[PDB]
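Visitor: Please read through the structure below; I'll follow up with questions.
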Amino acid sequence: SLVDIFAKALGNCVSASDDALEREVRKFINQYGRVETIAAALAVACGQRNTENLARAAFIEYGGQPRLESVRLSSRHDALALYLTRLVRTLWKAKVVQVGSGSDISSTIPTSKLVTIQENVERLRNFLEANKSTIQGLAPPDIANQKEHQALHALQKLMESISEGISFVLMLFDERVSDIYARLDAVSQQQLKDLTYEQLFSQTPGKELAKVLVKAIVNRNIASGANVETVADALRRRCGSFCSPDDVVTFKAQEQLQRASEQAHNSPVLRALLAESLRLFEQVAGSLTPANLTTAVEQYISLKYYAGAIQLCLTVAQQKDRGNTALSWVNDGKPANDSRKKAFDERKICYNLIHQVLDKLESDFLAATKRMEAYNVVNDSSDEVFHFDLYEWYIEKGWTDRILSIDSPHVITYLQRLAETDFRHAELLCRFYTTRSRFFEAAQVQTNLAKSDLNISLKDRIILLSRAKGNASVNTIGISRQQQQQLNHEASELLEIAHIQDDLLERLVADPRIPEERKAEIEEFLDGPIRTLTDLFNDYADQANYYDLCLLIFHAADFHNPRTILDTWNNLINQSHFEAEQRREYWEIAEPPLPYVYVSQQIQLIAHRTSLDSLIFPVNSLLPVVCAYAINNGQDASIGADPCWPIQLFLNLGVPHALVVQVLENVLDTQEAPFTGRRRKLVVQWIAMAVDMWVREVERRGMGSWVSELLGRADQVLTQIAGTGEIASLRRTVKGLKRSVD
């Protein structure tokens with residue numbers, strides 16, 4: 001145990017050094033207090049070797065300890081807070097800069113002072129890291145030592161925050177500072193003028209403003225263009241935790257972009273600058289900012305770099321959302337007040353830029369190359385949310401031909417959703433179908449379109465049905481003619497009802513006898529989707545006494561009530577005569593037509609619009625009514641009219657002569673008023689001219705005994721009328737015609 005004697009002999013020198021210190025320390029403690037003493041030991045340990053180590057030992061042994069939710073921390077802590085506060089007392093509350101509006105700018109604190117301050121702070125941090133194991137509280141550890149550990153941690157975070165802050169101020173005045181301040185916003189110039197170091201060290205606005213200034217100095221550094229990658233590594237390391245590595249790569253991208261605008265006159269040097277700038281942008285695509293993307297695209301369009309800028313926009317749009325949530329978002333359709341309004345919105349920021357590329361691309365115009373290289377990236381893009389945003393923009397510009405010429409993975413998918421709930425594309429798909437030659441479907445769409453609940457005026461729905469009735473009927477390759485005629489018949493019926501409703505709306509809106517408070521509701525209910533013939537009839541038509549339209553409704557509906565038909569015909573005749581007599585009276589006080597002419601015009605309007613079917617127009621029952629009207633109202637030679645205008649009216653419409661003579665036979669034989677007495681002389685004049693135009697029709701073209709019977713039967717009527725009372729000259733004209741027939 002030889003060495004043990006030397007060891008315990010060393011132990012004889014231990015207590016000599018300890019008791020010397022312990023006594024010496026306490027003399028300084030009791031006189032200056034506990035706080036000031038520990039604070040002195042820390043300063044001496046930072047160099048303010050054995051001397052500096054003794055100061056380290058005193059700082060450990062007699063620093064106290066934390067003890068008491070409120071906690072009283074050790075004197076060792078309060079000493080560190082004091083020393084730190086003293087090292088920065090000259091710049092903490094001071095403004096960072098001194099600026100004048102007239103081209104003045106300067107630092108409040110001299111740079112030499114900032115350097116010495118930074119070296120003192122790093123000496124402190126270096127001491128804490130070089131003694132992380134010996135100092136209590138620095139190593140992880142109850143509540144007393146915890147809040148002790150937390151308060152000390154917050155201090156160290158403030159130290160490095162101070163060091164990075166000072167290094168940022170020194171870097172600021174290394175580059176030209178008057179340049180950035182001139183191109184700065186009034187808010188940022190304002191925040192900077194009253195910017196204190198404390199806000200820089202211990203608050204967010206100083207950090208946010210610092211992030212703005214760095215983003216601005218590099219912009220300027222590129223204009224001077226001394227070195228980008230050196231200013232990069234300068235900001236990357238020292239003031240890290242305040243600079244961002246995604247920003248330096250962006251700065252590296254804006255470097256080539258601006259230097260591509262510097263070398264702009266050169267031809268072969270840019271395709272390496274712009275291509276490498278594009279590589280740099282796509283890396284930080286998921287972190288790129290819309291503002292920086294805008295400035296890049298603007299410089300890209302100015303350098304005629306269209307195709308590359310589009311691919312970048314698609315990348316950034318793709319990068320923000322790996323899931324492509326805008327797919328299921330839009331495919332389902334319109335979930336509002338959601339958080340997914342970040343996916344589609346940020347994507348559209350890039351799309352609107354792409355929309356600006358294609359504007360300047362066509363506005364400006366190797367051009368055929370850049371143009372083709374551009375539209376290739378567009379159409380060959382995988383992002384369909386872009387395609388959906390693109391087709392909306394093309395149509396917005398009226399570039400319809402570009403829609404139909406291009407074929408894309410969702411041009412059908414897109415219009416199939418838009419057109420189904422929107423009127424525009426329901427007409428554009430059709431034009432697309434024409435070129436695609438799916439002619440049959442265009443009618444079905446135009447059919448289901450006119451039948452839809454969309455906001456379509458009644459006259460526009462007529463166009464769709466007029467086209468739908470015409471579209472399917474042309475191809476001749478359509479699969480089933482039995483199905484084709486079904487669509488054509490369905491369209492022909494709707495077109496008939498729509499015209500009636502349109503004519504009804506036209507007359508109703510223009511009717512004086514209708515009050516204006518009702519016309520707004522008429523055009524509200526009519527000018528739109530097509531109504532049922534029952535609604536059109538009962539709602540207004542019947543109430544409006546539009547007997548002509550009621551007859552068209554009866555024809556369109558195949559309604560089988562000949563009595564209501566004939567009553568409507570009589571009401572039509574008497575109404576047309578009433579108005580025509582009122583207009584003839586006002587003219588006697590252009591010359592309007594006589595009553596029977598106006599009545600004949602209303603019949604011919606219905607007779608030409610509706611085919612002369614037997615059910616829709618009854619000759620055997622309706623001719624006596626017009627003949628009765630011609631007599632009852634004196635519409636004959638007593639007003640200058642042809643007494644046979646009712647017969648000429650029917651024959652010129654297409655009614656066969658045999659049926660006309662067959663009715664007049666029933667009129668002459670039944671002797672129903674007004675066809676009685678001496679007025680049966682006019683019934684003979686009708687038959688005479690009717691047969692006269694009949695034999696002229698047989699002689700022109702090149703009938704039986706019951707015709708020759710009636711002619712001899714009317715002779716007794718003339719002698720009967722000649723007894724109760726030209727007639728002699730008419731009997732000879734009839735007998736002369738009887739010879740020609742026989």
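We label chains A, B, ... in the order they appear in the structure tokens, count residues from 1 in each chain, and number ligands from 1 in the order shown.
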Counting only C-alpha atoms, which residues in stretch 153-203 of chain A sit no more than 10 Å from stretch 213-233 of chain A? For each one, give the nearest pair of atoms and the distance in Å, sorted by chain then residue number, as CSV.
Guide:
```
residue,atom,partner,partner_atom,distance
A:168,CA,A:214,CA,8.6
A:171,CA,A:231,CA,9.5
A:172,CA,A:217,CA,7.8
A:175,CA,A:217,CA,7.5
A:176,CA,A:220,CA,8.3
A:177,CA,A:217,CA,8.1
A:179,CA,A:220,CA,7.5
A:180,CA,A:216,CA,6.6
A:181,CA,A:216,CA,9.4
A:183,CA,A:216,CA,9.2
A:184,CA,A:216,CA,8.6
A:188,CA,A:213,CA,9.1
A:192,CA,A:213,CA,9.5
```
Visitor: Stretch 279-284 of chain A: which residues within 12 Å, counting only C-alpha atoms, same-chain residues fewer than 6 positions away excluded, as a ChimeraX atom specification?
Guide: /A:244-257,272-273,292-293,296-297,308-320
Visitor: So that I can see what lies close to residue A:559, please list as a ChimeraX atom specification the residues with an atom at most 12 Å from it, counting only C-alpha atoms and leaving out residues fewer than 4 positions away in the same chain.
Guide: /A:533-534,550-555,563-565,615-617
Visitor: Please provide the set of residues having any atom within 10 Å of stretch 65-71 of chain A, restricted to only C-alpha atoms, with same-chain residues fewer than 5 positions apart removed, written as a short mmCIF file (atom, residue, chain, number, x, y, z; two decimals) with C-alpha atoms, in the first residue's frame.
Guide:
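Output file part_25.cif follows:
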```cif
data_model
loop_
_atom_site.label_atom_id
_atom_site.label_comp_id
_atom_site.auth_asym_id
_atom_site.auth_seq_id
_atom_site.Cartn_x
_atom_site.Cartn_y
_atom_site.Cartn_z
CA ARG A 76 -26.98 29.78 -9.57
CA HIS A 77 -29.79 30.51 -12.02
CA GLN A 136 -26.98 21.02 -12.00
CA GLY A 137 -30.18 21.39 -14.02
CA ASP A 142 -38.98 16.98 -8.30
CA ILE A 143 -40.92 20.09 -9.31
CA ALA A 144 -38.11 22.31 -8.00
CA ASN A 145 -35.43 20.72 -10.19
CA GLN A 146 -37.89 20.53 -13.10
CA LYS A 147 -38.76 24.23 -13.34
CA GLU A 148 -35.05 24.75 -12.69
#
```
Visitor: Please return, as an MDAnalysis selection string, all residues of stretch 353-595 of chain A that DSSP assigns to helix (DSSP H, G or I) on the basis of the backbone.
Guide: chainID A and resid 353:364 367:379 384:397 400:405 411:421 423:436 439:450 458:471 481:509 516:525 533:544 547:557 562:588 595
Visitor: DSSP on the backbone: which residues in stretch 50-135 of chain A end up as strand (DSSP E or B)? Give the answer as number ranges by chain.
Guide: A: 67, 72, 95, 97-100, 104-107
